[PDB]
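Here you get one chain, nothing else, as structure tokens; it is the form deposited in one PDB entry.
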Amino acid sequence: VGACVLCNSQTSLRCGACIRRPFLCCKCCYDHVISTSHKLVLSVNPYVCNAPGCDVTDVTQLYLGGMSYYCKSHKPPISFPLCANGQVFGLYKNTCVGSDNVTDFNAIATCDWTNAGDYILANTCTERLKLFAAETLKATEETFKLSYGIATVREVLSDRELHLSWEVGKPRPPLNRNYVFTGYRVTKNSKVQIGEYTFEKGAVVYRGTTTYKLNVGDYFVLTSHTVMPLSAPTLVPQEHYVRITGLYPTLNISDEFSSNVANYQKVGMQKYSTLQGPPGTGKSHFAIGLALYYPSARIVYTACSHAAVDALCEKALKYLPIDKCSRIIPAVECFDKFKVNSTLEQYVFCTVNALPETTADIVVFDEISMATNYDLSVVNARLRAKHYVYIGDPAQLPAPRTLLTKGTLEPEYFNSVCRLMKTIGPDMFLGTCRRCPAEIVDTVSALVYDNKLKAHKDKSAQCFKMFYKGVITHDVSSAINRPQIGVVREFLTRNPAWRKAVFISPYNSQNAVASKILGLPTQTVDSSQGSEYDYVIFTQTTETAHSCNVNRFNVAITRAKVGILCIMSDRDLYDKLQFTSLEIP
């Protein structure tokens, strides 16, 4: 028994064909089963023919005779159908409303989540459907990883490199940091974990979360966890205030955080606020300075990845009393300079999926473009706070949609918070970039920020761009452009100062080849987010939809502090690059 996902009308009915099995009142349970392929219906018992040897599960072909359900061939003389009069039989038949259109709820439950339009509807629908779509999408993603085969150690060629044997019949998952395997050893009766691993083409290379003398017979599987149901909404009801509520500003603040005093008060005059922070604008500076401005405020700093949650710890280590902090870790290594697992410690730093159930004066959700509507609902479910601050940049990169292949996901569809920022604008906007040269800022400002991003540094005069298509070769699940890597090599022979540069590309296979031919550190654009390097050498590799993505190309050129070389394939972003042009040797 539970609340309907369409009309809230109390129900004792659940759809058996939906992987989340939402409670559906007789009206909505009916309009769903007759308009889709979903026919299995669950209540206290399953609506299935209780006759020996019968396989009828469709509720339209089932009748309730006595207290057991049968079909047309197995029903008693005294029976009435379970599915008629626009209602499926179940408790609370008098309390049943119905919706003007269930069509939105149907496409959510039937879609394979491989199209961009599936994620659009999952973000525009009613709030209760945003929660249901988040579970359905995430439970689908946790199940698709079971479709991938098992990799087994056929040979241990050396350290750091392996020879893998893959399962038959099932496909193989791509080998990049977006897929994180988990190993096992063949014990007596069952198996035991031996850390998490990531792989890449060589035989394959690996990188282990822990070090081991792993041997033949060990196997790796993408660990899929549970998808618990969502109760709280993605966003609490917004409440604007006339005074600062529940918070108390300081009389003495330092000149380091003085330019934020207006926004720190803005945080106290809203139930929740949004802060867009382009690269180099000082987002973690903002989040920690907010603590000094409201000194006695219990603040919970949170994000999805431990890396983002640890970057806040580094700044809290630089400004806040250490005995007032705590790092929450569930029983991969992370920041271990605060007392671990102390929920009653003023400043709490934790990931979303590990969040305890507690209250706080302020909550700081960092790097919000990575979040999903599932994460947003968990934060509101575990954390009941007075003010919610959402820090991020919807012009940066979103969470990887491992099923999405057709179409492109726009920033307003990343999550509910990014929808507000890209439509009604963000409550706050850090508009000065103190990291990149002027040519980079003057490029991403017009590209994704409506010319509202101001450069603090001057022109570095060391930003260059070349238009070289070259030769594109493909492999299993990545692309490789060696003539672009070769152009970089010929550039490096005439610019040996650019050998302290980081090589960045949209494809990790391009990084692997570039690591062998150039010897520069490698980062995919998605792995480079949140990090700054002096020099960056970027090869777009292709002009597919993946490499031309403006939120990716924004991150691709903003990691530079001094200079950058961009070997471009797409003419569009090549002309949008305000860089000194170079010719092809």
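A residue's number is simply how far along the shown sequence it sits, counting from 1.
Modelled in this chain, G98 is nonetheless absent from a third or more of the other compared entries whose models extend past it on both sides. Among other deposited entries of this protein with both flanking residues present, none omit coordinates for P496; it is modelled throughout, well short of a third. The stretch of deposited sequence separating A331 from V332 contains 1 to 3 residues lacking coordinates in this entry.
According to the PDB entry, the deposited sequence contains 4 to 9 residues between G202 and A203 that lack coordinates. In this crystal structure, the stretch out of 45 to 53 and 512 to 520 whose C-alpha atoms carry the higher mean B factor is 45 to 53.
When 107 to 115 is weighed against 222 to 230, 222 to 230 comes out higher, by mean CA B-factor as recorded in the entry. Looking at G486, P76, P411, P237, the one whose CA carries the top B-factor in the deposited record is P76.
Of the candidates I299, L164, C418, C313, it is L164 whose Cα B-factor is highest according to the PDB record. Sorting the modelled residues of the chain by their CA temperature factor places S528 in the middle third. When the CA B factors of the chain's modelled residues are split into thirds, the value for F429 lands in the lowest one. In this PDB entry, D366 carries a Cα temperature factor that places it within the lowest third of its chain's modelled residues. Sorting the modelled residues of the chain by their CA temperature factor places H38 in the middle third. In this PDB entry, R14 carries a Cα temperature factor that places it within the highest third of its chain's modelled residues.
The form deposited in another entry exists for this protein as well; it is not shown, and the discussion that follows is about that form.
For the rearrangement between the shown form and the other one, modelled as two rigid parts, a shared rigid part is recorded for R571 and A514.
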